[PDB]
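Student: Chains as they are written, first to last, in the deposited numbering: chain A, 723 to 733, 753 to 847; chain B, 34 to 125; chain C, 34 to 125; chain D, 13 to 119; chain E, 13 to 119; chain F, 38 to 135; chain G, 41 to 135; chain H, 1042 to 1053; chain I, 16 to 102; chain J, 25 to 103. Beta carbons: idealized from backbone N, C-alpha and C, even for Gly.
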DNA sequence: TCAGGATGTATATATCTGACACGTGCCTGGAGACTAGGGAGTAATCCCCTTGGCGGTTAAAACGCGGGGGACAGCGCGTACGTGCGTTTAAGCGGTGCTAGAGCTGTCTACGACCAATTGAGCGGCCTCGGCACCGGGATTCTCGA
DNA sequence: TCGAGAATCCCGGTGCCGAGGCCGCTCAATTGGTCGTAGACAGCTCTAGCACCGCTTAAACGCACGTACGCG
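1. Which residues, in order along the segment 84-96 of chain C, keep a beta-carbon less than 9 Å from a beta-carbon of chain E?
2. Go ahead and pull the three-state DSSP assignment for residue 51 of chain I.
3. Leaving out the 5 sequence neighbours to the left and right, which residues in its chain are closer than 8 Å to residue 54 of chain D when beta-carbon positions are compared?
4. According to the neighbour-count rule (16 or more other Cβ atoms, all chains shown, within 10 Å of its Cβ), is residue 23 of chain I buried or exposed?
5. Could you name the residues of chain G that residue 107 of chain F contacts, counting a contact when the two beta carbons are closer than 7 Å?
6. For a cutoff of 8 Å on Cβ pairs, would you count residue 95 of chain I as touching chain F?
7. DSSP beta-bridge partners for residue 82 of chain J?
8. Could you name the residues of chain J that residue 116 of chain D contacts, counting a contact when the two beta carbons are closer than 9 Å?
9. Tell me the DSSP secondary structure of residue 115 of chain D in three-state form.
10. For residue 35 of chain C and chain E, any beta-carbon pair shorter than 8 Å?
11. In chain I, which residues lie with their C-beta within 8 Å of the C-beta of residue 96 of chain F?
12. Hey, could you find the ends of the beta strand (DSSP E) residue 99 of chain I is sitting in?
13. Can you check whether the C-beta of residue 114 of chain F is within less than 8 Å of a C-beta belonging to chain G?
14. For a contact meaning CB atoms closer than 7 Å, what does residue 101 of chain I contact in chain E?
15. Mark residue 66 of chain F as exposed unless 16 or more other C-beta atoms lie within 10 angstroms of its C-beta, in which case mark it buried.
16. Quick one: is residue 54 of chain F buried, meaning 16 or more other Cβ sit within 10 Å of its Cβ, or exposed?
17. Which residue comes first and which comes last in the beta strand (DSSP E) that contains residue 62 of chain C?
18. Let me check one thing: in DSSP terms, what residues is residue 79 of chain E bridge-paired to?
19. Tell me which residues of the segment 46-65 of chain G have at least one Cβ-Cβ distance to chain J shorter than 8 Å, keeping chain order.
20. Output the residue ranges of the alpha helix (DSSP H) runs that lie fully inside the segment 19-83 of chain E and measure 4 residues or longer, sorted by chain position.
21. Around the C-beta of residue 117 of chain D, are 16 or more other C-beta atoms found within 10 angstroms, so that it is buried, or is it exposed?
22. Less than 8 Å between CB atoms is the rule here; does residue 101 of chain B satisfy it with respect to chain I?
23. Give the residues of chain I in contact with residue 108 of chain E, contact being defined as C-beta atoms less than 7 Å apart.
24. Going by DSSP in three states, residue 101 of chain E sits in which element: helix, strand or coil?
25. Measuring alpha carbon to alpha carbon, tell me which residue in J:100, J:52, J:92 and J:31 is nearest residue 64 of chain G.
26. Would residue 99 of chain G count as contacting chain F if we go by Cβ distances under 8 Å?
27. Hey, is the segment 34-47 of chain D in contact with the segment 39-48 of chain E, meaning 3+ C-beta pairs nearer than 8 Å?
28. For residue 67 of chain C and residue 99 of chain C, what's the separation of their Cα atoms in angstroms?
29. State the CB to CB distance for the pair residue 71 of chain I and residue 83 of chain F, rounded to an integer number of angstroms; the pair is presumed to be in contact (CB under 8 Å).
30. Let me make sure I understand the geometry here. Which of A:806, A:838 and A:808 has the alpha-carbon closest to that of residue 821 of chain A?
31. Quick check on the DSSP output: the alpha helix (DSSP H) that includes residue 821 of chain A runs from which residue to which?
32. Using DSSP with H/G/I as helix, E/B as strand and the rest coil, what is residue 119 of chain G?
33. Would you say residue 44 of chain C faces chain E, with C-beta separation under 8 Å as the test?
34. Just the chain H side, please: which residues come within less than 8 Å of residue 765 of chain A by C-beta, in chain order?
35. Count the C-beta pairs between the segment 77-84 of chain D and the segment 54-63 of chain C that are closer than 8 Å, then say yes if the count reaches three, no if not.
36. Run down chain G in chain order and give the residues with a C-beta less than 8 Å from the C-beta of residue 111 of chain D.
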């Protein structure tokens, strides 16, 4: 809320940065350091981003329900944080994107 | 007759160090100093007008010329003083 | 329109090494070269006339400016060339 | 028809009128803005004043009550920014700053 | 009323008329003498010819048919006198002249 | 053992190679980022023409190469073939850049 | 007597402290006129013209010696040599 | 919100 | 890393050790001490700050937001380093 | 020879003001060579200005202009 | 490391002048008032160029690592430079004496700005092809060792 | 002092895209008159600049010796 309001007022970041913080504050490295200097897999990782508390509402019961899920992202930390969220919740996953090579794509 | 800035330099000196006087050699140096600065600023202002395909030198060009001439704080204060002078001049 | 000296430089090239061509990059360099020299000569002639309290730049000032700009023999030939050109011009 | 000079209107010690004329006589441009010579004169004054201040300080250090070329040299060469401003300027009768390299000095 | 260019009257390849206009547009003086742009254009041509001559020679030496920035660099820097003229000039893509100090070479 | 050239042989080859060629030696995108960062300290939200950057790089490399030329000379003066910070600093001090 | 260099330092202090010209004026004038002969004969000079030439010339040479000194001490020597002058000029770009 | 004191710096 | 890239180094570090070496080779330097690389970066940074400052000043004066090649040229010209080939 | 009119001690004095402690004997001749060149350049320019103005006396201002031309602005002699 | 002494530097006291501060009369250059017109400000369009990010390859940057070559500290030799003293000589400072040229003023006119009528020189757009880049390959030399 | 692996130079085919040329279009360079005035020039002045010398004296020079720094 504050990142949005502050950046809304601070000012292509008017689209991009607001997207970045909507996706997850810590994609901006410095705010990660400020909010959580240790940079570890803390619960703050969830607390600071509504979209993943939603995943706490979904992916647990979802896995428990015997279902599988695909999902699509913006690059950089937008995906890497998921790896952390998934590891924090012991949600086994795979990850594929432009940086991976055709062998492991297959 | 031949004009100079001798009396203006002198008045300024009196406004800074009332008691202090100035030798004629020092004065001639200050005179040539003023001419040098005048020319450098005017010269830059001139080409600024040409760079923008304009033809009038105003306080904007001179201000910029100052920023493109004086280093660091000299620029900061010179600009400040210029601003005030013009402000007062046009205000009254 | 954006005038330049490309065509004139080109013509000169063909009068010196008729078969030799020139890349467009090299041409832009030559273009900026001509502008540089033009400015230097004109600039000197300008203040030269000014030094003598004169308002008109004539071939005398341009000549002197060349002598005050180009080095050695280069200057001597430039002066010779200019002199000749003017001579012919005034005849015609 | 009460007259009042532009220098006095601006509150400057430099001849704004003269400056204005000089800008026109020097052919720096086709037209000279009314606020131009005012702005400029202020700058000329500013720089003049700062040097004179430092020169006076130099005179005081040498127990003199009159500024001489040496003082001007000391003033300019000591101040960093003035030194940069006048980096290509030779001041007649100024001399050089006192300065002996430690490599030449005894141990 | 047959028109004839001023450059053809002078026997020059440079646009004397243009030069004349440029002198008046650059405000170099109040007035520009009729022979001033003629004289000047000739000089500009002369210098142009000097560089192109050498540049073409450089192209020949490199087995090329077109002059490239490299040739211009080599031309100017080899010609000491032109080198002085353009001593403060950087030529884009020109590179530098081949030059290894003998002290750096092996026995 | 595999072939190894005596240290300096390769150096001379590089010197010949780089003096002979004319291309830029600094990676362009790294150069741009450097420029853009510096620019932010004078005014934010500036844009650059791509040619503006090229102008900066042509000048920048010309400058540094010239500096190295003089630096090299200073090292030689002091009977060294290895250039040191002292030589760079001297060269600039003599030029009047500091 | 004094140990060589003690007096030299005294002289350095002395000359940096003072501001007068260091080159004999009449020898200097003759040098100027001699040089002038190669550009045009029958020239005259204002006395102040010569003074301007001399002072500018001395300022130039003093600056040269300053830089020369830097080169000499760069090489860990305290004696300046011709090659240090030449270096300084070469670095400045006066060559 | 909570820690606005340090967040007041990161916004810079 | 994998979890967090942590790849932010510095823009001045974009001028690499071999990039500097190459410049020196063109300069004619045979051997380079290890401290040169850092010193060179410092020098370049300063050089660019001066040129860029002039260039953006011209840009501000003209009330534009895009710095042009001509603005760079003027900056260089101002400092006595005339650059040919960019108009 | 007027170039030899610049004496050994004159040069030494200049060097002293420049902060030079010890001076090689070769310096004295080298210095003269340098000065000669310097003056030739300044004088050549000054003369040129004098010729341009159709005068016979080289003025201080012509000297000053020559120095300004070469990037060595000189204060105190007018200009 | 410390006291004596020779030199040098610095410091109070006259005293003396000429260079700076200041008063006065003149005069031209600056201020005031007024008018025209064109340059610059300002709005509205548009569209080309800039920016931010991603995908995918690959040359290049980074990194370790041995090892030889240069930097550098030390040390001896000797010669060139400083320092001092006696001697010369040329600069500095006063004269005379002449006139060449800088400078000022008054004419007077060729000559460059100004304006309008005219047209082809140069410029943008658009073909077109060979000069030069680029790869395949094979002779040639260039820097190491036995 | 002659061989061996690697860098280089030369030759030949490919081919492609930036230089060279053609062409229509316009606007800036001509031509032709005017007209005010900046500069050429004549003339007059007078002063600063040049040339030389007399005289004093402070610096320049030549010589000689120790030794410290340049150099290997």
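Tutor: Taking the geometry as given:
1. Correct list: 87, 88, 89, 90, 91, 92, 93, 94, 95 and 96.
2. DSSP places residue 51 of chain I in helix when its eight states are reduced to three.
3. Listed in chain order, the non-local C-beta contacts of residue 54 of chain D below 8 Å within the same chain comprise 22, 24 and 26, local neighbours out to five positions each way being set aside.
4. That one is exposed.
5. Going along chain G in sequence order, the residues near residue 107 of chain F (Cβ under 7 Å) are 131.
6. It does not; no Cβ of chain F falls within 8 Å.
7. Paired residues: G:85.
8. 43, 44, 45 and 46, listed in chain order.
9. Assigned with DSSP and collapsed to three states, residue 115 of chain D falls in coil, not helix or strand.
10. Not closer than 8 Å to any Cβ of chain E, the Cβ of residue 35 of chain C fails to qualify, so no.
11. Residues of chain I with a Cβ closer than 8 Å to the Cβ of residue 96 of chain F are, in chain order, 66, 87, 91, 96 and 98.
12. It spans 97-99 - the beta strand (DSSP E) in which residue 99 of chain I sits, taken as one unbroken run.
13. Yes, contact with chain G.
14. Chain E residues near residue 101 of chain I: 104.
15. That one is exposed.
16. The residue in question, residue 54 of chain F, is exposed, as its Cβ has fewer than 16 Cβ neighbours within 10 Å.
17. Element bounds for residue 62 of chain C: not the beta strand (DSSP E) but the alpha helix (DSSP H), 57-84.
18. Checking the DSSP bridge columns, you'll see residue 79 of chain E partnered with C:55.
19. Going along the segment 46-65 of chain G in chain order, one finds 48, 49, 51, 52, 54, 55, 56, 62, 63 and 64 with a Cβ nearer than 8 Å to chain J.
20. For the segment 19-83 of chain E, the full-length alpha helix (DSSP H) segments reaching 4 residues or more read 28-37 and 48-73 along the chain.
21. So residue 117 of chain D ends up on the exposed side.
22. Yes - at least one Cβ of chain I is within 8 Å of the one on residue 101 of chain B.
23. For residue 108 of chain E, the residues of chain I that pass the 7 Å Cβ criterion are 41, in the order they occur in the chain.
24. In the three-state reduction of the DSSP assignment, residue 101 of chain E falls in the strand class, which pools E and B.
25. The candidate whose alpha carbon is nearest that of residue 64 of chain G is J:31.
26. The beta carbon of residue 99 of chain G does not come within 8 Å of any beta carbon belonging to chain F, so the residue lies off that interface.
27. Three or more pairs of CB atoms, one per stretch, sit closer than 8 Å, so the segment 34-47 of chain D contacts the segment 39-48 of chain E.
28. Their backbone Cα atoms lie some 14 Å apart in a straight line.
29. Beta-carbon to beta-carbon, residue 71 of chain I and residue 83 of chain F are separated by about 6 Å, close enough to satisfy the 8 Å threshold.
30. With distances taken between CA atoms, residue 821 of chain A lies nearest to A:838 out of A:806, A:838 and A:808.
31. 818-829 is the extent of the alpha helix (DSSP H) around residue 821 of chain A.
32. Here residue 119 of chain G sits in strand by DSSP.
33. Chain E contact via Cβ: present.
34. Simply none; closest approach about 15 Å.
35. Short answer: they don't touch.
36. Near residue 111 of chain D (Cβ distances below 8 Å), the residues of chain G are 56.
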